[PDB]
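Asks: Residue numbers (our numbering), protein chains in the order written: chain A, 69 to 147; chain B, 69 to 147; chain C, 2 to 95; chain D, 2 to 95; chain E, 107 to 204; chain F, 4 to 100; chain G, 668 to 776; chain H, 1062 to 1172; chain I, 76 to 151; chain J, 1415 to 1712.
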DNA sequence: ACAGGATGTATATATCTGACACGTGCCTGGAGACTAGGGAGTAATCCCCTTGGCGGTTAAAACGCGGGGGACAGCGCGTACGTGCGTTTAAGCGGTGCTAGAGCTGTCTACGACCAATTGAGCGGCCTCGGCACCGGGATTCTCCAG
DNA sequence: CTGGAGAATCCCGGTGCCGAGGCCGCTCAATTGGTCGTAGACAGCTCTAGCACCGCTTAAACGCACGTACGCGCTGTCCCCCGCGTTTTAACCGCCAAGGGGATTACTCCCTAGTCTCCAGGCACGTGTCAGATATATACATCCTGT
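1) Does the segment 122 to 134 of chain B come close enough to the segment 161 to 181 of chain E to have 3 or more Cβ pairs within less than 8 Å?
2) Taking only the alpha-carbon atoms, compute the straight-line gap between residue 1638 of chain J and residue 76 of chain I and give it to the nearest angstrom.
3) Applying the criterion that 16 or more other CB atoms from any shown protein chain within 10 Å of the CB defines a buried residue, is residue 177 of chain E buried or exposed?
4) Report the rounded CA-to-CA distance for residue 181 of chain E versus residue 117 of chain E, giving the unit in angstroms.
5) Looking at the unbroken alpha helix (DSSP H) that takes in residue 1497 of chain J, where does it start and where does it end?
6) What are the start and end residues of the alpha helix (DSSP H) that includes residue 34 of chain F?
7) Write down every uninterrupted run of the beta strand (DSSP E) in the segment 1433 to 1491 of chain J whose length is 3 residues or greater and which is fully enclosed by it, in chain order.
8) Would you call residue 1598 of chain J buried or exposed, if buried means 16 or more other Cβ atoms sit within 10 Å of its Cβ?
9) Here's the rule: buried if 16 or more other CB atoms are within 10 angstroms of the residue's CB, otherwise exposed. What is residue 70 of chain D?
10) Does residue 1633 of chain J pass the burial test, meaning 16 or more other C-beta atoms within 10 Å, or should it be called exposed?
11) Taking residue 1574 of chain J as the reference, give the member of I:145, I:148, I:144, I:138 with the closest Cα.
12) With 16 as the cutoff for other CB atoms within 10 Å, does residue 1472 of chain J come out buried or exposed?
13) Would you tell me roughly how many angstroms separate the C-alpha atoms of residue 10 of chain C and residue 87 of chain C, rounded to the nearest one?
14) Going straight from the alpha carbon of residue 1652 of chain J to that of residue 1641 of chain J, what length do you get?
15) Does the distance from the CB of residue 1584 of chain J to the CB of residue 122 of chain I come in under 8 Å?
16) Using the C-alpha atoms, what's the distance from residue 1097 of chain H back to residue 124 of chain B?
17) Would you mind telling me which residues of chain C sit closer than 7 Å to residue 144 of chain B, beta carbon to beta carbon, in chain order?
18) Quick one, are the C-beta atoms of residue 118 of chain B and residue 36 of chain C less than 8 Å apart?
19) Return no unless some Cβ of chain E is closer than 8 Å to the Cβ of residue 87 of chain B.
20) With residue 1648 of chain J and residue 1617 of chain J assumed to form a contact (beta carbons below 8 Å), what rounded beta-carbon distance in angstroms separates them?
21) Note down, in chain order, every chain J residue with its Cβ under 9 Å from the Cβ of residue 152 of chain I.
22) Say whether the segment 92 to 110 of chain I touches the segment 1548 to 1563 of chain J, bearing in mind that this needs 3 or more beta-carbon pairs closer than 8 Å, one atom from each stretch.
23) Measuring alpha carbon to alpha carbon, tell me which residue in A:72, A:140, A:139 is nearest residue 102 of chain A.
24) If you run the structure through DSSP and keep just helix, strand and coil, what is residue 769 of chain G?
25) Any beta-carbon of chain B closer than 8 Å to the one on residue 768 of chain G?
26) When the distance is taken between beta carbons, is residue 121 of chain B closer than 8 Å to residue 51 of chain D?
27) Evaluate residue 766 of chain G with the Cβ neighbour count: other Cβ atoms within 10 Å of its Cβ, from every protein chain shown; 16 or more gives buried, anything less gives exposed.
28) Within 8 Å, do at least three Cβ pairs link the segment 76 to 86 of chain D to the segment 1082 to 1091 of chain H?
29) Any contact of the segment 1436 to 1455 of chain J with the segment 1468 to 1488 of chain J, i.e. 3+ C-beta pairs under 8 Å?
30) Under 6 Å Cβ to Cβ from residue 141 of chain B, same chain only, skipping five residues before and after it: list those, please.
31) With the cut-off set at 8 Å, would you say residue 1122 of chain H and residue 62 of chain D are in Cβ contact?
32) Would you list the residues sitting across from residue 1668 of chain J in a DSSP beta bridge?
33) Quick check: what's the CA-CA separation for residue 43 of chain D versus residue 1505 of chain J?
34) Using 8 Å as the threshold, is the C-beta distance between residue 154 of chain E and residue 139 of chain E below it?
35) What's the call for residue 1457 of chain J, buried or exposed, on a 16-neighbour Cβ count within 10 Å?
36) If you compare alpha carbons, which of E:121, E:175, E:158, E:174 is closest to residue 136 of chain B?
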């Protein structure tokens, strides 16, 4: 565990900078990682159920992008 | 002509209070008119396209429901 | 004089099976029919899509179960999966 | 040793036709391929949907025209219907 | 001496009134006139079904109610109770229609 | 001594990161995070590098969109500093909660 | 004189039809061949979903002291359950209304 | 010794394949039968769309004075055109980035 | 056909073209006798900016015409 | 009343062109006829067609001037207008820097273009072929449609060699000292250029930019300019009401605008984006003017 | 507003370097010719539903006036967060080796489409009664004012 | 902060209305029984890629000082919106009348599926060149302090 803390303060800061944020309050570093994590169990759940239905032991880029597609978040650049 | 003004101020107030709004500014009404007009342009365009595809010039409820569905606004109660 | 089909009879039997002394409105009948049709279309589309993913040409109960897991969340999903497995087992036994 | 299928050759031909002296990255080619597949799937699904909607059994140029009008709005639809009509007219005449 | 409610109490009362009922909050004839006028821009002298216009009415009221709920949430976020139009733009952009 | 007043370096970071396209999240901790999140769904899975890269692309795009939405929300709130309340308001409006 | 025809719904102990679901899958343009268990599984899933929909609708109706299920009861039942709200968060119910809620800030103080 | 087989793409004067899209429609399980002009129409629409995308990408690359189109150029071309943005509003492109913009409030005052 | 061009300092120079020419060719002829690079070159005909990809005849430019050549200036 | 304009980060040039344009009274009345009504105009075959509503480019322009006077606040945000421009030319999308004169030219012909297009599109949609549609454009492009801008800034220039008539909207004066001296520099015989139709409002530009060989440097030399000019020898008195001043070089610069707030002479108010400052006419004459706007008086 | 210095930043030149347009050989999917079969295009018809109109009611929409509350501008203060600097730390590379399983190939068999005969279940219609809308009256409760 | 007035709301009782429930033809779609061609299950082989580790660089992450710009709290205001009484108007309901367009039925015939043959277009694989990355020295822009 504890890798959720691996999503560091500078990483969140530069993500917000790309998003266009001037300054960030200190209570947001604990919220962005939570919402990001929620997105993760939303996506990898579908990914792993695709893999399980495919009788496969590994997770493929096809499965990831296609589980993304079924959530209205289509991805280009991975087939 | 000039039927957007048929959308009455008390009707807007009733709709907003069904939405749970306490106080409504005076500037809200014309923008609600505009938003509703834009929504009608979005929906009736597809509805009339559906009708003309069948070589019939009578707009049925089925076409309206289907145009609603294709916009991610599925409606129940009309078959 | 075309004949139109709906799930009114089936949902009516289900309604008396759950609540023996409760009625249903005609307007609610159309709503239930629309709900059943929407869920049917969702599950069938997902099953066909998965069959396409796996280079598969047959829709069997496995991808039906996978589509149910995809659509229905959590408690609802696993209870529906249990019901489907029980129904399939009973059909095979019969 | 499977055989893989893509639109890369045709995309390159169109690129040479529009910009005679411009290259393209391999990554960009994959993005273009994914875009082409996505648009094709959208249009084909809409056309098949229309066919089932109108109790029809065959997809013709009219259903694809209607699907283009539904999916692409405004000037894109305006130009795309013209391109499709001129292409099908040329094909019929040839 | 006339009897007057404090500003807001009858607003809450009729909010509760309209949140418990399910009739149609827009008038049928002006709504049909608006629908026909805006449909004239696509195909000439079309004809509409009563069920079709009722479905359009249903969708219209549902969409407007949802938008009003979102804009009320935005206004309450802004530390205020009165909705001004900028809340409408905020809601419609965060939703993704603009 | 030379010293930039607060705000200008932030502006240059915004105009710089809005120009580049590389991955802003470190690949190894992101991989560890996704691997532990996949742990409770099923045991001892294997992941393709392309799959992990696609996941990271999707997560970063989603977070950038959410940050744009929350910046608009904070500006609507007549502020310049974003706060988590804007975050859950954006989530609520976008139907995510 | 072959045998008494037992419908597949009775074979699986279900009220929803199996043959009709199979026909809809076949003519619904999904696959050229459909497995035997797929219509049974789909019918069971639909029966279950309608079962809790009607159960929650009946509970809501009895809470309002009425003996008929109406779109208002259906809307209340759908929006009260979090799982069903997630399932049907993008679906509009005609003559359904909205759940009564007022934010605490708007309440008098 | 039958005839010089002219491809249907040349018959319709299209660069995109017609036989390939017809095969995809037939084997893609969208309908039991497909009309003759349907693949031609679909190929024409796809060719027009990709032509517009490539033209916009080329203009974007020229504006950035590179001779090769990359995903950044594709992203810029897609998003600066509001029509293509609406068409592909729910699409995320790898190595696409975001448009350079800053809200006017964040900008500092000047004199 | 013969059309005059006014440069930055204001002097007038005679140019020769045909209606089938494009603005790519127009600025290319400027390279030969002026040396100003195309990417800041811009010409004005009857108060209208000339889109580069179009053709001269569509702008209804006749003989003895004059073009207005200016540069782009940056200022914030 | 004069009011400030909220800069978007680099639109000081766009802010300035709005401010001096805001002091054009004649443009106010014409836009009122533009929006309403859609009167039917009949043209004999070389066609009674109603007028389409003005396009958003002319629309957002029209409402912009109403907030100049009606709105009580002293700061106005022209976000919509520049956004309307954004789709018109892709070069304005973003925060890359642009120039005052260049913005005006698309701003000007864009006004007539919607009039050029929406009128031509009106008959085509009422009557329905592509060849006919091209023919409608072909007839109009060879025709001189009396646009509203052509009735405010539209002028006709005549060049002798052989008399050739060319319409114009602005003057780009070469720079080698008064603005009149530049005016004389425009009309030497080489080949003489003379105006026969003086526009009601005159827009004049000074070419302070020039490349010394391979060196691009801005001419910082101040030019002397009066409030009144006699244009009869160049064809007439025109009163100065709008002045654009640039502060910087070809790469880095700053645009400031001067306006005449009138319903004898008065009053000049310095505009610096959101900063509004009252200034005497003498300081205006001492400003590093870049664009000149003059009004018909006789 | 101007000057100067510190500091990022675009740009030209060189030079490596790896991605790319081109050439080659091979394979199967596309094209062509022929044949059958059924799906929709056309036309006529039958009649269900839409449009349109008209007239009377009354409840909703407009208008208006007072007044109160809250949106907004302004001021002050305290804190927290951006900016910079010195000290880790581990992310990355690259280089190595290992093996798990993903994909391909070949057999084989259970199964789902198919056709023909049989039949009964739901659909449309046609009654019949209990849920419910409506109207009126009494109990309940929230508000609002004064004290 | 604690009580009456009053007005809106809700529950209850009687009444008439009609929409939901039960019952009756009947027809099409479900069922049943053989039959066959095929798609999918299964075992084995391979070799691709994920896994894991180990050692070295250094840029990124981290912790801390500060001080300043921002968020928040308080206050005044005055202007906009809510609550209410009058008056008007058109939405709504009820009913009538036409006809116009939607839904079938018959026929066909023309378009598309299917099969076989032929081969040329598309794809995997080497391959030398040119666009891009990197280094570095620039001129240049921008911000900060001082005045």
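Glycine included, C-beta positions come from ideal geometry on N, C-alpha and C.
Replies: Judging by the given coordinates:
1) yes
2) To locate residue 1638 of chain J, count along the tenth chain from 1; it is residue 224. To locate residue 76 of chain I, count along the ninth chain from 1; it is residue 1. Going from the Cα of residue 1638 of chain J to the Cα of residue 76 of chain I covers about 40 Å.
3) If you number the fifth chain from 1, residue 177 of chain E lands on position 71. Burial call: buried.
4) Residue mapping note: residue 181 of chain E aligns to position 75 of the fifth chain, counting from 1. Residue mapping note: residue 117 of chain E aligns to position 11 of the fifth chain, counting from 1. Cα to Cα, the separation comes out at about 17 Å.
5) Locating residue 1497 of chain J in the tenth chain gives position 83, counting from the first residue. Start and end: 1493 to 1502.
6) The sequence position of residue 34 of chain F within the sixth chain is 31, counting from 1. Element bounds for residue 34 of chain F: 30 to 40.
7) none
8) The residue you call residue 1598 of chain J lines up with position 184 of the tenth chain. Classification for residue 1598 of chain J: exposed.
9) Residue 70 of chain D sits at position 69 when you count from the first residue of the fourth chain. Residue 70 of chain D is buried by the Cβ-count criterion.
10) Here residue 1633 of chain J corresponds to residue number 219 of the tenth chain, with the count starting at 1. So residue 1633 of chain J counts as exposed.
11) Translated into the one-based positions of the tenth chain, residue 1574 of chain J becomes position 160. The option with the nearest alpha carbon to residue 1574 of chain J is I:138.
12) The count along the tenth chain starts at 1 and reaches residue 1472 of chain J at position 58. Residue 1472 of chain J comes out buried.
13) Against the third chain, residue 10 of chain C aligns to sequence position 9. Against the third chain, residue 87 of chain C aligns to sequence position 86. Computed Cα separation, rounded: 23 Å.
14) Position 238 of the tenth chain holds residue 1652 of chain J. Position 227 of the tenth chain holds residue 1641 of chain J. One C-alpha to the other measures close to 8 Å.
15) In the tenth chain, residue 1584 of chain J corresponds to position 170, counting from 1. In the ninth chain, residue 122 of chain I corresponds to position 47, counting from 1. Yes, Cβ-Cβ distance for residue 1584 of chain J and residue 122 of chain I is below 8 Å.
16) Here residue 124 of chain B refers to the residue found at position 56 when the second chain is read from its first residue. Here residue 1097 of chain H refers to the residue found at position 36 when the eighth chain is read from its first residue. So the alpha carbons of these two residues sit roughly 25 Å apart.
17) Taking the second chain and counting its residues from 1, the one referred to as residue 144 of chain B is at position 76. Those are 32, 35, 36, listed as they occur along chain C.
18) Counting from 1 along the second chain, the entry for residue 118 of chain B is found at position 50. Counting from 1 along the third chain, the entry for residue 36 of chain C is found at position 35. Contact flag unset, no.
19) Position 19 of the second chain, counted from the start, is the residue given in the question as residue 87 of chain B. For residue 87 of chain B, the answer is yes, since a Cβ of chain E falls inside 8 Å of its Cβ.
20) Within the tenth chain, residue 1648 of chain J is the residue found at index 234, counting from 1. Within the tenth chain, residue 1617 of chain J is the residue found at index 203, counting from 1. The pair is not a contact, with the Cβ atoms about 15 Å apart (cut-off 8 Å).
21) Not covered by the structure: residue 152 of chain I. The range shown for chain I is 76 to 151.
22) no
23) Numbered from 1 along the first chain, position 34 holds the residue referred to as residue 102 of chain A. Cα-wise, what sits closest to residue 102 of chain A is A:72.
24) In the seventh chain, counting from the first residue as 1, residue 769 of chain G sits at position 102. Note: residue 769 of chain G maps to coil in three-state DSSP.
25) Within the seventh chain, residue 768 of chain G is the residue found at index 101, counting from 1. Yes, its Cβ sits closer than 8 Å to a Cβ of chain B.
26) The residue you call residue 51 of chain D lines up with position 50 of the fourth chain. The residue you call residue 121 of chain B lines up with position 53 of the second chain. Their beta carbons are under 8 Å apart, which means residue 51 of chain D touches residue 121 of chain B by this criterion.
27) As a first step, residue 766 of chain G must be located in the seventh chain, where it is residue number 99. Its Cβ having fewer than 16 others within 10 Å, residue 766 of chain G is exposed.
28) no
29) yes
30) The count along the second chain starts at 1 and reaches residue 141 of chain B at position 73. Nothing meets the Cβ criterion.
31) Walking along the eighth chain from the start, residue 1122 of chain H turns up at place 61. Walking along the fourth chain from the start, residue 62 of chain D turns up at place 61. Going by C-beta atoms, residue 1122 of chain H is not nearer than 8 Å to residue 62 of chain D.
32) Residue 1668 of chain J sits at position 254 when you count from the first residue of the tenth chain. In DSSP, residue 1668 of chain J forms a bridge with J:1661.
33) One-based indexing of the fourth chain puts residue 43 of chain D at position 42. One-based indexing of the tenth chain puts residue 1505 of chain J at position 91. Going by the C-alpha atoms only, they are around 33 Å apart.
34) The residue given as residue 154 of chain E occupies position 48 in the fifth chain. The residue given as residue 139 of chain E occupies position 33 in the fifth chain. The answer is no: Cβ separation not under 8 Å.
35) The residue labelled residue 1457 of chain J in the question sits at position 43 within the tenth chain. That one is exposed.
36) If you number the second chain from 1, residue 136 of chain B lands on position 68. It is E:158 whose Cα lies nearest to the Cα of residue 136 of chain B.
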